[PDB]
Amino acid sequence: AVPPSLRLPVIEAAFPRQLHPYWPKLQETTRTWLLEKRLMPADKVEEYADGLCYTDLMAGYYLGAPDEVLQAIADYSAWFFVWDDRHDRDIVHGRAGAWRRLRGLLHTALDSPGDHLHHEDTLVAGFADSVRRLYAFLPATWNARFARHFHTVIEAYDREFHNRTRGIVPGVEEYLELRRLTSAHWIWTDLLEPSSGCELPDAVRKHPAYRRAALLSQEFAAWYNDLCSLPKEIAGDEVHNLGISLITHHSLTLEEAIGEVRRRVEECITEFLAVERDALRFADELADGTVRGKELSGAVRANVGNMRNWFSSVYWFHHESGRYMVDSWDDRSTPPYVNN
């Protein structure tokens, strides 16, 4: 039962949930990886990792992925949540130096992950392990594109560090541009490709229908996160959330901002429904009779199907994951799964 302010009847009726058959093994394997890479204290792994639903989130998204690809994506994604927690704690504790050094190491490790597999900072070592495995699936050009996108993500996290230490809430348009990077829209879009076994040519993945469908799936994910994570974020003095930009810069009340964010999320859905028709027509056109055409057609179709699956996976994740259950915490400003 989804809270009325967060309920999206269109998702519930028209975006049926999917689950990858590897999910049971994925759940345990990622938990063991968090333990073995020392990315969370052992007691917090035992108590909270399964309830955080990070593997469920990816298993409801990259359907069809080879099991090894899904494992790498799930480990990376769990790493990414831990990194968001580290960034938050560095801000709260004023650790500008520790953050700057981590930022620098992530840039270096992203270009040379093998050199960082045993780094003294386990967060860097964990990042490097997941990235080295993601780099083993597709040609170096895909790896270069993932790296180019994630260098930009790291710098967006640095900008968030600047904003929060200075108490600056970005304007709405500034926020929307920044959120495409902090939510890592283009990373999740990149990762559709190893999940369907094909690096797409630029001419295919830049087709306007593929680009627009990919954008809308990610805007929904990020803004629905903003809608559902607003209570934890207000309680933790987070400033990055579309609702906060609207309350601060447009003088909306909390109820008005929640309504405006919900309307924007709803529009992502119906805009996606329109463009999905064009993206699937494009998939059909690629099947021109040749072997290569069949390959590209099947890959685009699988990727657009996963852009759809992201809507339902993100929707239910926010109601299942312990990450957002601020009402259950003794200290609303300090989530119990974070290392404080």
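The first residue of the sequence shown is number 1, and the count goes up from there.
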| property | result |
| --- | --- |
| Of 220-228 and 234-242, the stretch whose C-alpha atoms average the higher B-factor in the entry | 234-242 |
| Comparing 68-76 with 256-264, the one whose average Cα B-factor in the PDB entry is higher | 256-264 |
| Most elevated Cα B-factor in the entry, residues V124, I168, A214, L181 | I168 |
| Of the residues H319, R323, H20, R332, the one carrying the largest Cα B-factor as recorded | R332 |
| Assigned third (lowest, middle, highest) for the C-alpha B factor of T290 | highest |
| Ranked C-alpha temperature factor of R38 among modelled chain residues, by third | middle |
| Assigned third (lowest, middle, highest) for the C-alpha B factor of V204 | highest |
| Third of chain Cα B-factors occupied by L6 | middle |
| Cα B factor band for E47 (lowest, middle or highest third within the chain) | highest |
